[PDB]
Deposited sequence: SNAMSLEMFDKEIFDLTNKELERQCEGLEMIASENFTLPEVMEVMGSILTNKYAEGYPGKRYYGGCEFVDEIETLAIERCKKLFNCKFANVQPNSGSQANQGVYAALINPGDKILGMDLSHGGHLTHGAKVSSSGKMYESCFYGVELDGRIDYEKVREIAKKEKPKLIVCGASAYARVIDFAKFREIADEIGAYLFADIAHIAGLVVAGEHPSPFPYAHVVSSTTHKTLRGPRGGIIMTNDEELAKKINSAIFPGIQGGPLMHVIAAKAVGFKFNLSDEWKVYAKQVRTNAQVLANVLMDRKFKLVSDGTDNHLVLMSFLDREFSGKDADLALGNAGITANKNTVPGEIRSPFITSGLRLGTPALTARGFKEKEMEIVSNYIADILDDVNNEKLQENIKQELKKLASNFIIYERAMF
């Protein structure tokens, strides 16, 4: 009778949590930025580490009694350093947003200009992608030379191709800017060698730990520069946060141990392979993909040549048990609330054990639906077939660990 105390005490929450597990098991999760956490990561999250208030850093805490949490945090930091092969890591950020805020606070001053990708504490300017779905680095260079930002940021949620960190660094160097790489969406590939590292090109790198690394939700910051490391540490605490979430930090350490394993490289490679199958099938079925394929874990479909919208596609897929998300595309002609595109990713399906054959099956069904997007009976039928298919790939026997 697992979590029987919760069931007796707060049956509503208990029931809702099990329904969410049922939803994760029965449907196909193809939101590019989602993944399935390890049971071992979840086990340590529901722990008495939540009771410890540990403001400061290991060996340098504000309160006493931190002998064991200091060892836990040190383990997280050391594994993070090994994973990214870097000299400094901060594992305290509560989220990707706080990680990025910490980097900004460390590197620039309020009011300073940031140049970032688009697909008031600081001044923002943006670069984007061309109609062919790729960054034009000469244009970025031109934008940088005219705007003169103090900081250039790279990384994006819906970019299907390799980010050329070396070119970004060449550009930053021309105008004397810092280069900050936010690799939250591709970090799991980076640590496996399935995407080039942002080091040594980025001065500072941030990531989240759940999306691609399959750890708990949270942020991390990495650097090789000791002075920047000190500034990052101060910016996170006391600058932006108080005491860290120690149960999450322990969870991060557990996740990193998995990321360091041989199994991780196998997983990361399969993520890319699965995305290749997804892309190839959709294109063979005569759908347009932004950039005509992918280098990573995601595909972005374009419906500029089609009858239906991105929101239409998202809702049809949803009705067939497939969770994705509408997304704007280059040459966009519709409201950002409607879009003419759909983003799909493979990390979560790969995590539950889908391989090329399963990807081909799902990809063809996606195609079937979008070939007949108004046929609600077709969606119902596919929903049942997919629930059956998914029943062979169950990674969670329970909702709480």
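Positions of the deposited sequence absent from the coordinates form one stretch: 120-135.
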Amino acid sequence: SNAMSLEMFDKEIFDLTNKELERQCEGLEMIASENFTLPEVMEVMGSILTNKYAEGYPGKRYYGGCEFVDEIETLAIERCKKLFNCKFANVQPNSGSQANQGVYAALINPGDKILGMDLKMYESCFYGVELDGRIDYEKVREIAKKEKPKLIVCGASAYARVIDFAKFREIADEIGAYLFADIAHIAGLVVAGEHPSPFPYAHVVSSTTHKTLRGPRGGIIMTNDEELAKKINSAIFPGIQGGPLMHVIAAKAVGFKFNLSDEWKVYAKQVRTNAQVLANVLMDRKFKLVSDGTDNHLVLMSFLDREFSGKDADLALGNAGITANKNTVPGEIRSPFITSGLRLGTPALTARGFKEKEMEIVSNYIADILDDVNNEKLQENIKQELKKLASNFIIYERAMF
From here on, numbers count along this sequence of modelled residues.
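Per the PDB record, of the two stretches 283-291 and 203-211, 283-291 carries the greater mean B-factor over its C-alpha atoms. Legend: mean Cα B-factor per stretch from the PDB entry, 163-171 versus 323-331; the higher mean is in 323-331.
The entry lists C-alpha B-factors for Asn233, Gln241, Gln101, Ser309, and the highest of these is at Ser309.
Note on the listed residues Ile369, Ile48, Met359, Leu344: the highest Cα temperature factor in the record is that of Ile369.
Among the modelled residues of the chain, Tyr63 sits in the highest third by CA temperature factor in this PDB entry. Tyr178: CA B factor in the middle third of modelled residues in this chain (values from the PDB entry). For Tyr57, the recorded CA B-factor ranks within the middle third of the chain. Only modelled residues enter the ranking. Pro216: CA B factor in the lowest third of modelled residues in this chain (values from the PDB entry). Annotation for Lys139: C-alpha temperature factor in the highest third relative to the rest of the modelled chain, per the entry.
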